[PDB]
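**Student:** Could you have a look at this structure, given as structure tokens, before my questions?
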Amino acid sequence: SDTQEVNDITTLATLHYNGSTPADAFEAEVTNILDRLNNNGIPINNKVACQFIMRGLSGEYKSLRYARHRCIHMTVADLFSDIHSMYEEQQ
Amino acid sequence: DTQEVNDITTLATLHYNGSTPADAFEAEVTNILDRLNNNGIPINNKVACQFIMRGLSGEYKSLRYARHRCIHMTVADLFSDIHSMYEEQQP
């Protein structure tokens, strides 16, 4: 509660996703961290968010990381689309 | 282009046990906070204080009991206490 921002930032910096849990749940976790950080006056822009998410991708999802260099132009929604697409074509 | 992610990761993984000068530790953290501020990721006194406390090891772990007042405690005040402990430990 008093440590929500520190916990949210720590989570963001230590994300991991390998497809073994629903992509929706991963998207929710990340989305809400970003929302809460925004509310607490710590705005994480699209580029930085994208980089944290990419860093977290393991297993087959590692492959999405070769777009990390375009994070500036890539939207978080676009990235989540690709993760969702990969999740679907693993199920 | 990954300066923010690197600066946040460092903040979230600080370690200090007195084995290096307190001035160097202060410098590292201060400049992370400065750069994050510049890049539109403003870490306030409370959150900064919490990250610093989390990183204290060895004899310095003991300082982690003012953590609850980080809201009212300043980063400068905490670095004072670390400096004070560092001085005591020196010849």
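Here's how to read the names in the structure tokens: chain A, B, ... by the order shown, residue numbers from 1 in each chain, ligand numbers from 1 in the order shown.
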Which residues of chain B sit at most 10 Å from chain A, using only C-alpha atoms? Give each one's shortest atom pair and distance in Å (one decimal place), in chain and ascending residue order, as JSON lines.
**Tutor:**
```
{"residue": "B:1", "atom": "CA", "partner": "A:69", "partner_atom": "CA", "distance": 8.5}
{"residue": "B:2", "atom": "CA", "partner": "A:51", "partner_atom": "CA", "distance": 7.6}
{"residue": "B:3", "atom": "CA", "partner": "A:48", "partner_atom": "CA", "distance": 9.1}
{"residue": "B:4", "atom": "CA", "partner": "A:48", "partner_atom": "CA", "distance": 6.9}
{"residue": "B:5", "atom": "CA", "partner": "A:48", "partner_atom": "CA", "distance": 6.4}
{"residue": "B:6", "atom": "CA", "partner": "A:13", "partner_atom": "CA", "distance": 9.1}
{"residue": "B:8", "atom": "CA", "partner": "A:13", "partner_atom": "CA", "distance": 7.2}
{"residue": "B:9", "atom": "CA", "partner": "A:13", "partner_atom": "CA", "distance": 5.8}
{"residue": "B:10", "atom": "CA", "partner": "A:13", "partner_atom": "CA", "distance": 9.5}
{"residue": "B:11", "atom": "CA", "partner": "A:10", "partner_atom": "CA", "distance": 9.0}
{"residue": "B:12", "atom": "CA", "partner": "A:10", "partner_atom": "CA", "distance": 5.8}
{"residue": "B:13", "atom": "CA", "partner": "A:10", "partner_atom": "CA", "distance": 8.7}
{"residue": "B:36", "atom": "CA", "partner": "A:42", "partner_atom": "CA", "distance": 9.9}
{"residue": "B:37", "atom": "CA", "partner": "A:42", "partner_atom": "CA", "distance": 9.5}
{"residue": "B:39", "atom": "CA", "partner": "A:45", "partner_atom": "CA", "distance": 9.4}
{"residue": "B:40", "atom": "CA", "partner": "A:43", "partner_atom": "CA", "distance": 6.9}
{"residue": "B:41", "atom": "CA", "partner": "A:42", "partner_atom": "CA", "distance": 5.3}
{"residue": "B:42", "atom": "CA", "partner": "A:42", "partner_atom": "CA", "distance": 5.5}
{"residue": "B:43", "atom": "CA", "partner": "A:42", "partner_atom": "CA", "distance": 6.7}
{"residue": "B:44", "atom": "CA", "partner": "A:42", "partner_atom": "CA", "distance": 8.8}
{"residue": "B:46", "atom": "CA", "partner": "A:3", "partner_atom": "CA", "distance": 9.0}
{"residue": "B:47", "atom": "CA", "partner": "A:6", "partner_atom": "CA", "distance": 6.0}
{"residue": "B:48", "atom": "CA", "partner": "A:6", "partner_atom": "CA", "distance": 8.4}
{"residue": "B:49", "atom": "CA", "partner": "A:6", "partner_atom": "CA", "distance": 9.8}
{"residue": "B:50", "atom": "CA", "partner": "A:6", "partner_atom": "CA", "distance": 7.1}
{"residue": "B:51", "atom": "CA", "partner": "A:6", "partner_atom": "CA", "distance": 7.0}
{"residue": "B:54", "atom": "CA", "partner": "A:6", "partner_atom": "CA", "distance": 9.9}
{"residue": "B:67", "atom": "CA", "partner": "A:3", "partner_atom": "CA", "distance": 9.8}
{"residue": "B:68", "atom": "CA", "partner": "A:2", "partner_atom": "CA", "distance": 8.1}
{"residue": "B:69", "atom": "CA", "partner": "A:2", "partner_atom": "CA", "distance": 9.9}
{"residue": "B:70", "atom": "CA", "partner": "A:2", "partner_atom": "CA", "distance": 9.4}
{"residue": "B:71", "atom": "CA", "partner": "A:2", "partner_atom": "CA", "distance": 8.8}
```
**Student:** When you look at residue 30 of chain A with a cut-off of 9 Å (counting only C-alpha atoms), what residues show up, excluding the ones that are within fewer than 3 positions of it in the same chain? I need them as a PyMOL selection string.
**Tutor:** chain A and resi 11-12+15+25-27+33-35+49+53
**Student:** May I have the residues within 12 Å of residue 28 of chain B as a PyMOL selection string, using only C-alpha atoms and disregarding those fewer than 5 positions away in the same chain?
**Tutor:** chain B and resi 7+10-11+14-16+20-23+33-35+52+79
**Student:** Name the residues in contact with residue 85 of chain B at a cut-off of 9 Å, using only C-alpha atoms, excluding same-chain residues fewer than 5 positions from it; report them as a list in words.
**Tutor:** residues 18, 59, 60, 80 and 90 of chain B
**Student:** Using DSSP secondary structure from the backbone, list all alpha helix (DSSP H) positions within segment 10-88 of chain A, as a PyMOL selection string.
**Tutor:** chain A and resi 10-13+23-39+46-55+76-88
**Student:** I want to know what sits within 9 Å of residue 24 of chain A, based on only C-alpha atoms, with residues of the same chain fewer than 3 positions away left out; could you give that as a list in words?
**Tutor:** residues 21, 27, 28, 29, 80 and 84 of chain A
**Student:** Return the single residue from A:54, A:36, A:83, A:77 that is closest to residue 19 of chain A, with distances computed using only C-alpha atoms.
**Tutor:**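 Nearest to residue 19 of chain A: A:83.
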**Student:** Can you measure atom CA of residue 53 of chain B to atom CA of residue 73 of chain B for me? One decimal in Å is fine.
**Tutor:** 11.7 Å
**Student:** Grab the atom CA of residue 79 of chain A to atom CA of residue 50 of chain A distance for me, in Å with one decimal place.
**Tutor:**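 These two atoms are separated by 7.3 Å.
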